[PDB]
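> I need the structure of the sequence given here:
(chains A, B, C, D, E, F and G)
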Amino acid sequence: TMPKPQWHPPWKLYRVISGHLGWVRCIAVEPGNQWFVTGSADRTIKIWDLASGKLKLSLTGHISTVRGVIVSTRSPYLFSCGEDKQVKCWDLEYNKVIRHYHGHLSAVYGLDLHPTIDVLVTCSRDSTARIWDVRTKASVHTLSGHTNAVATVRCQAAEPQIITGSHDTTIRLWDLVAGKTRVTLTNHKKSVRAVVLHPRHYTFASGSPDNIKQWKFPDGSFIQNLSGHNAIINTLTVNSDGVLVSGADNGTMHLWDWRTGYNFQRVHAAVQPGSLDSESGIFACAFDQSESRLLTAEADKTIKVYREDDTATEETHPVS
Amino acid sequence: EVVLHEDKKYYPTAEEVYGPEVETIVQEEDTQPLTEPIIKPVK
Amino acid sequence: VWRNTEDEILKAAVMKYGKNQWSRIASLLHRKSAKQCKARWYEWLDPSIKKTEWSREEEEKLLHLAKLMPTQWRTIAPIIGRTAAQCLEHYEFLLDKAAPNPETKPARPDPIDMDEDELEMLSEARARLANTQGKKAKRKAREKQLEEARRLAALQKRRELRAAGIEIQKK
Amino acid sequence: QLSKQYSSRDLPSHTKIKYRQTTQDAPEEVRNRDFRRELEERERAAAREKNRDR
Amino acid sequence: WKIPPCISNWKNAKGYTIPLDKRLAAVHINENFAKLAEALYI
Amino acid sequence: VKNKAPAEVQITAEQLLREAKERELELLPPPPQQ
Amino acid sequence: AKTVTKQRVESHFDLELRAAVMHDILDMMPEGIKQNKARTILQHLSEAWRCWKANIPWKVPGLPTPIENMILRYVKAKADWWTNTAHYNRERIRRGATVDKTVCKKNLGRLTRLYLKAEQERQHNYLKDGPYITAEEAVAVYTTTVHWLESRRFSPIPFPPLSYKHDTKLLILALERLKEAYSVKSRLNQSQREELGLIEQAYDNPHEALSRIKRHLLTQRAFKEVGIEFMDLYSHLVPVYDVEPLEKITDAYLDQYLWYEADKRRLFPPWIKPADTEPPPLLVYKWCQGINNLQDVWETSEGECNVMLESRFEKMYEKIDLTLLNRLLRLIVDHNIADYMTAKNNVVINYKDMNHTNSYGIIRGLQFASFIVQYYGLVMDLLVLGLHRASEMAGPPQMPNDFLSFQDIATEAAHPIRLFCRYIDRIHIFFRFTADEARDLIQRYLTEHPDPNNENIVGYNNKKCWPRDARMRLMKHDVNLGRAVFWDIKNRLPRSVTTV
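Numbers count the residues shown, from 1 in each chain, chains lettered A, B, ... in the order given. Please see the structure below:
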């Protein structure tokens, strides 16, 4: 078996925000932890306060579904990416788009920012990713080689610097400078829509309807499985304390232990009043910066906030 | 006890679907007009 | 009025085109508009319309309703499962035993000698119903066999030309 | 094989990157901060203000 | 996991005949109407 | 001269469908083997 | 790599929606291993969307549930997008921003479909949650109307006799009115061509026409289906109903006959006022001139207060109940004509490919709908005034009064309601209170709707078009009197019949 998993307390829902007019597809938190930002399929970008849950501001520039937002830690910039094939840079001292990155040939499914250099990486449905230069809007590399839409991309400072998962069920680890794939991982049988990197362990995990898998950098050596969540998995998100959240597309959300891979909670939330029951689904989840709150962006146009439960103990909720 | 179609309550209200203690904000139109920067600059 | 030939065209036309293209069907028929075709379908020729005798439960429910909701025959009719013209005739008939619009009437049968137009319509209805291939899918089908003349003629004439001793190049 | 065509939209524009200044939220401060306590602080404050609401 | 085929009422792209039955397949009354109508007759 | 009088059998639909089916309108003659 | 601009917004939405659907389940919730048929699930997706748009309940016999949930989820996505675009474009069209001529037509078509979906739901809910009018409101209404008609000594309208003298005059008027539509003699169509044919052959041979008409009125109770479409007036739409010719002629003649007889037997008292005696500017003059000729009207010494209220019945055409309407018509006409008129409002209404049945409200595109609207409004005038004050205003049946006059001054001042006008469904009332009647009203208002925090001054709506020296001055006695008067009037109307 295994040593026995660490005990983590369970999480309870405590807030439900509802102001969007279409599915909510992406969510992100500011560096300084005061507000978060959601992008939805009603083509707006709303900016909410993280303490009160009040809505501060609504930015409307896109022409279709906003499928990714991110907030840069080095500059007052928010980068958004839509299904209109366009990638935008909003400057948050005037709240206006100042820069737009052109060249993708179909909807852009996701986007990440490099933590030290000033580049962008975007993945799209033309089955390529691109490395953009933040400052001159010039595409410095087109990472090509997948054979179907590129569902997700994550980038890091260490090496390899870019991990993409795509719908042709493959993961690739790329080098940023050379611009070509070092490793191709074909263990999954179904589309890889979720990838996450451990904050402090040089390992990463990749989610698919088969099962989540863990891999070990820099050449992606298999480590273990995490099975039990049989659902189209849209997100993975890891805490610094080894909690791993796996959000599915039928609404169900499992919480796991990262190290031993032990699923310690299963949340099955409820749909907003006027919703059908075929419209429960999680599209994005994000931990707070204090790693205390867990925000989720759902297919019933709500944002649900979970906080940890403080009044439970190893004997109230034992570890099987 | 006839409910004019003007009422016709479908859709159990939120407190009944979520619980007695889960909070529920409904945020249509925003505060803080668009001219107000999110990150204020220095002077 | 409605003639058995016509509504037998209409059954087939609805069977082929679908239940929502009334202008096409109306075009299959001479002297009919799409409104009348649609009316005849929803009043008599629908296969879900019952022409049977009133079960005693049917008649009791009919009188019950006709008292709850008077003169609203379009509301009542589906509650018991026959068309409003049937309900109206049979209700007045019940009231009298205890005391136009040609869509509803049955179809005058076929004559011994069908008037010529009655015949050409059938042939042309037969014409329309058999043309499944996309009217262009007709044309290009003709074209595929059309050009085979071009190549077949050319070759023998090319064979014969070069056989006559002149080695032409097209380019 | 580099073209000499060109675009109205590829002219130089916004050629300097703004960096997050000392007070806005520089990676130094967020490297420092204690976030959990600050968050619970503002949370309690907001609940206070909204009970004053009623 | 078998998927039935669609027969639409709007699109017949290839011009195919389908019998009326299969073409076809793919009310409440309150009880206060009685009290109202009879109160009116009385 | 016209004589209107009830016909014998009828011109029911299936007959139209079968005749159109046997009209074979443009199946196509096969491409000739040479 | 060309951008997505304005002509490719819809085509691109559908590109990306069906790419998403193909990713979604048909390759990530399969195990229909062999060939997962995704090209056929997309066909189901398109047909579910057309069925949404037609308001058809879509249910496929044996179709795995995960697929059905996927499809229902995506049709709700496209429906949200579609109607949010309709809301947005409607605001642009209303305030005036776009003149594009494809958006005007696309948007009229979108909102026609949205109206008919809401309407089929409203008729289904009627037939399910049953008559919204209880059996005690309906009986009060019926008995009050009988008391009115009996006190007036009304003389019910008979079925038009065989040798009526005026049948050809009434028919000539009907046919001239129907011709007045195609004055232009335009490009019209087949159906207007057919109507003109019927009108001309009835103008030539007027007795086969009238024989047909009376046969209809006697025997027919199930009619053809009506068409609806909307007339776009850029700040609201108007429904326009399309009835078939044979019945249009029968209805036009019935209309003329009813209005003629009603005017001869004096059905409508003098306050029901789109009347044939003056144009609307003369109504405004007579109203201003009647207010001014009340007795001691402008005097304020003893603290009297005049109140002018004006409102709207807020939907009377839409909550008429055809059973109650049948019974209320039978008090007035022959049961044959009453049955014709109420069996004629219950027809099938059809737009492009949506069809439903009217069962609850009233179709205003009929030709006798004026008579139904004004008679029903008469019943509601009685509910609002009371039989006694209605008999004071209308005067004795041997000596009826004029528009805004009374018999003597004694009766006129015996009650707060001094004047009352009702345009088709619009209500204008003029009260004159003494200080005690006013104080009493305010007390009973404040008892039931207590405002201790003095925000009654806030909801009050003024006319921001005259200068403030001429607007209304909101002292608490005044705005409280205003609210009290309005609260008192909106209490005389059951909310299941009409509201205010």
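> In what element of secondary structure is the residue in chain F positioned nearest to chain A found?
When scored by C-beta to the nearest C-beta, chain F has residue F:31 as its residue closest to chain A, at 38.0 Å. Placement of C-beta: from N, CA and C, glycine included. In this structure, residue F:31 sits in neither a helix nor a strand according to DSSP states H and E.
> wait, what's in contact with it?
C:145, C:148 (C-beta atoms under 8 Å, 6 or more residues apart in numbering or on different chains).
> how far away is it from residue D:52?
Look at residue F:31 and residue D:52: by C-beta to C-beta, to the nearest Å, they are 89 Å apart.
> Return the residues of chain G in contact with chain A.
G:1, G:3-4, G:9, G:12-13, G:16, G:19, G:23-25, G:27-29, G:68-70, G:72-73, G:76-77, G:80-81, G:84 (C-beta under 8 Å from any C-beta of the partner chain).
> Show me which of these are buried.
G:4, G:12-13, G:16, G:23-25, G:27-29, G:68-70, G:72-73, G:76-77, G:80-81 (16 or more other C-beta atoms under 10 Å in any protein chain shown).
> Spatially, and excluding backbone neighbours, which residue is closest to the closest residue to chain A within chain E.
Chain A sits closest to residue E:1 of chain E, with a gap of 15.4 Å, by C-beta to the nearest C-beta. In space, residue E:1 comes closest to residue G:32 once its chain neighbours are excluded; the distance is 3.8 Å by C-beta to C-beta, 6 or more residues apart in numbering or on different chains.
> so how many other residues sit close to that neighbour?
Residue G:32: 16 surrounding residues under other C-beta atoms under 10 Å in any protein chain shown.
> likewise residue C:138?
15.
> Pull the contacting residues for the residue in chain F that chain E sits nearest to.
Residue nearest to chain E within chain F (C-beta to the nearest C-beta): residue F:17, separated by 6.5 Å. For residue F:17, the contact set (C-beta under 8 Å, 6+ apart) comprises C:12, C:15, C:129, E:17.
> can you list the residues of chain C near chain E?
Counting by C-beta under 8 Å from any C-beta, chain C sits next to chain E at C:11, C:14-21, C:47-48, C:67-70, C:78-79, C:129, C:131-134.
> Then chain F?
So chain F meets chain E at residue F:17 (C-beta under 8 Å from any C-beta).
> what does chain F put close to chain D?
Contacts of chain F with chain D, taken as C-beta under 8 Å from any C-beta, are absent.
> And the residue nearest the centre of chain F?
residue F:19 (2.5 Å; C-alpha atoms, centre = their mean).
> Can you get me a residue count around residue A:169?
Residue A:169 has 20 nearby residues by other C-beta under 10 Å.
> Roughly how far does it sit from chain G?
9 Å (C-beta to the nearest C-beta, to the nearest Å).
> Not counting its neighbours along the chain, what's nearest residue 118?
This is for chain A. Per C-beta to C-beta, 6+ apart, closest to residue A:118 is residue A:134, 4.1 Å.
> Hmm, no, I was thinking of chain C.
Going by C-beta to C-beta, 6+ apart, residue C:118 has residue C:5 as its nearest residue, at 5.5 Å.
> Which of the three states applies to that neighbour?
helix (DSSP: H, G, I helix; E, B strand; the rest coil).
> does chain C sit close to the longest helix anywhere in chain E?
With secondary structure taken from DSSP state H, chain E has its longest helix at helix E:32-41. Yes - using C-beta under 8 Å from any C-beta, helix E:32-41 comes into contact with chain C via E:33, E:34, E:37.
> Which positions in that helix come out as buried?
E:32, E:33, E:36, E:37, E:40.
> Give me the contact status of the strand or helix carrying residue C:157 with chain F.
Applying DSSP H and E as the criterion places residue C:157 in helix C:135-164. Yes - Helix C:135-164 comes into contact with chain F (C-beta under 8 Å from any C-beta), by way of C:138, C:141, C:142, C:145, C:148, C:152.
> What segments of chain C are helices?
C:4-17, C:22-28, C:34-40, C:56-68, C:73-80, C:84-97, C:116-130, C:135-164.
> Whatever residue of chain E ends up closest to chain G - nearest residue in space that isn't next to it in sequence?
Here the residue of chain E nearest chain G is residue E:30; by C-beta to the nearest C-beta that distance is 2.8 Å. Excluding the flanking residues, the one nearest residue E:30 by C-beta to C-beta, 6+ apart is residue G:130, at 2.8 Å.
> which stretches of chain E form strands?
In chain E, no strands are found when defined by DSSP state E.
> now do the stretch 151-300 of chain A
Ranges of strands within the stretch 151-300 of chain A are A:152-155, A:162-165, A:171-175, A:180-185, A:194-197, A:203-207, A:212-216, A:221-226, A:233-238, A:243-248, A:252-257, A:263-268, A:282-287, A:293-298, based on DSSP state E, counting those that start in this stretch.
> What lies in contact with the fourth one?
Meaning strand A:180-185. A:143, A:145, A:160, A:170-175, A:206, A:215, A:219-220.
> Now do the buried residues in it.
Result for strand A:180-185 [16+ other C-beta under 10 Å]: buried residues A:181, A:183, A:185.
> Can you tell me which of these comes closest to residue G:213?
The nearest member of these to residue G:213, counting by C-beta to C-beta, is residue A:185 at 84.5 Å.
> For that closest one, give the beta-bridge partners.
Under DSSP bridges, the beta-bridge partners of residue A:185 are residue A:171.
> of all of chain E, which residue lies closest to chain B?
residue E:32 (7.2 Å).
> Surely that residue is in contact with residue B:1?
No - if you go by C-beta atoms under 8 Å, residue E:32 and residue B:1 don't touch, sitting 10.0 Å apart.
> Mutual contacts of those two, please.
Common neighbours of residue E:32 and residue B:1 (C-beta under 8 Å, 6+ apart) do not exist.
> buried ones in the helix or strand where residue D:43 lies?
Element membership for residue D:43 (DSSP H and E) is helix D:35-53. Buried residues in helix D:35-53, counted by 16+ other C-beta under 10 Å: D:38, D:39.
> How far away from the center of its chain is that helix?
21 Å (C-alpha atoms, centre = their mean, to the nearest Å).
> Establish whether it and chain B are in contact.
No - Helix D:35-53 does not reach chain B (C-beta under 8 Å from any C-beta); its nearest approach is 9.7 Å.
> which secondary structure elements does that helix contact?
Contacting helix D:35-53 under the criterion 3 or more C-beta pairs under 8 Å, 6 or more residues apart in numbering or on different chains; DSSP states H and E is no other helix or strand.
> now whatever residue of chain A ends up closest to chain F, nearest residue through space, not along the chain?
With C-beta to the nearest C-beta, the shortest gap between chain A and chain F falls at residue A:147, namely 38.0 Å. Nearest non-adjacent residue to residue A:147, counting by C-beta to C-beta, 6+ apart: residue A:168, 4.6 Å away.
> looking at it, that neighbour is touching residue A:150, isn't it?
No - between residue A:168 and residue A:150 there is no contact under C-beta under 8 Å: 9.0 Å.
> Enumerate the residues of chain C near chain G.
Counting by C-beta under 8 Å from any C-beta, the residues of chain C that sit close to chain G are C:20, C:33, C:35, C:39, C:69-75, C:84-85, C:88, C:101.
> Tell me which residues touch residue B:41, please.
Contacts of residue B:41 by C-beta under 8 Å, 6+ apart are A:93, D:21, D:24.
> same question, residue A:256
So residue A:256 contacts A:212, A:226, A:243, A:244, A:245, A:246, A:262, A:263, A:264 (C-beta under 8 Å, 6+ apart).
> and of the residues you listed, the nearest to residue G:461?
Looking across the contacts of residue A:256 and measuring by C-beta to C-beta, the closest to residue G:461 is residue A:245, at 52.1 Å.
> ok, back up a step: pretty sure the residue nearest to the centre of chain F is in a helix, no?
Yes - under three-state DSSP, residue F:19 falls within a helix.
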